[PDB]
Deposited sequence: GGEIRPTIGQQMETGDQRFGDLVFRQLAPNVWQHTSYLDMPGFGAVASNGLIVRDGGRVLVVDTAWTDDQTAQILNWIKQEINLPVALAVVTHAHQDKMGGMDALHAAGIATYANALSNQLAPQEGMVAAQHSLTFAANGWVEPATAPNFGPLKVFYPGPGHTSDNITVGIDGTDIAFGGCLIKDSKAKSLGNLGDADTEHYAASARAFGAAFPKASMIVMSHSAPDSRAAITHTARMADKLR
């Protein structure tokens, strides 16, 4: 495959400057690593602090550039379970304000900084300083009320996190915290935000085409 293992973590290169990190609780969860010139940016923690430290040490070994910041895509264990490891390593952390507000209730450690969003879903840019190619979009409530998404400018890649399921999926997975009414529109809004992205990365399946977006929305239509 060309995948690399480091400890409990698996890494897959998606583009010259983009890798997928995969950690396991065994249920896989995926996030991203982005090389932006002389620094690295992370999207999502692993499930645990130990696994998240393994991400950081793989970065040091294989890329050897400082990790400037991390953005985490909602307040659940697969995305924010490793916040203490990021803070211990001195990595500035960012999440939706609503994720930070929900974090204690969800058993997560809040990020240091809060992202806020316009009515059209786009991040208010002063809340996302020096984000380089990361384009942060809040598509509306779906998998959770706080779920956010990230496009990588200059690439074909957009990250749907746990909102988006793969195009062969039989269900929308864990709907315990979901907004079943608004989910379909939120999935479609993600697609519209990143209209040229052709590789859709998501939390619990391998990267897919845009078919994942329209399939997710079709399944979500049946919840309303």
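Missing from the model, relative to the deposited sequence, are the stretches 1-13, 39-44.
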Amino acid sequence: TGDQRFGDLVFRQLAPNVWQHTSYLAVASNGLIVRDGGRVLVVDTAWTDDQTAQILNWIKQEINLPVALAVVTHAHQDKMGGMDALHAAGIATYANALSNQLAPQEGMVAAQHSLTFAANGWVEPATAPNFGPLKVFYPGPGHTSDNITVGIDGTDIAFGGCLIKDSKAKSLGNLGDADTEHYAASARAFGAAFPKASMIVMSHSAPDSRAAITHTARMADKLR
From here on, numbers count along this sequence of modelled residues.
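The term rigid core refers to the maximal set of C-alpha atoms that superpose within 1.5 Å between the two forms.
Of 42-50 and 172-180, the stretch whose C-alpha atoms sit farther from the shown form in 5 other deposited structures of this protein, after fitting on the rigid core, is 172-180.
Note on 26-34 vs 161-169: mean CA B-factor is higher in 26-34. Of the two segments, 150-158 and 79-87, the one listed with the higher mean B-factor is 150-158 (C-alpha atoms only). Across 197, 41, 189, 46, the greatest Cα temperature factor reported in the deposited entry is at 197. Annotation for residue 223: C-alpha temperature factor in the highest third relative to the rest of the modelled chain, per the entry.
Split the chain's modelled residues into thirds by C-alpha temperature factor. Residue 213 is in the lowest one.
When the modelled residues of the chain are ordered by C-alpha B-factor, residue 63 sits in the highest third. When the CA B factors of the chain's modelled residues are split into thirds, the value for residue 121 lands in the lowest one.
Looking at the C-alpha B-factors along this chain, the one for residue 56 belongs to the middle third.
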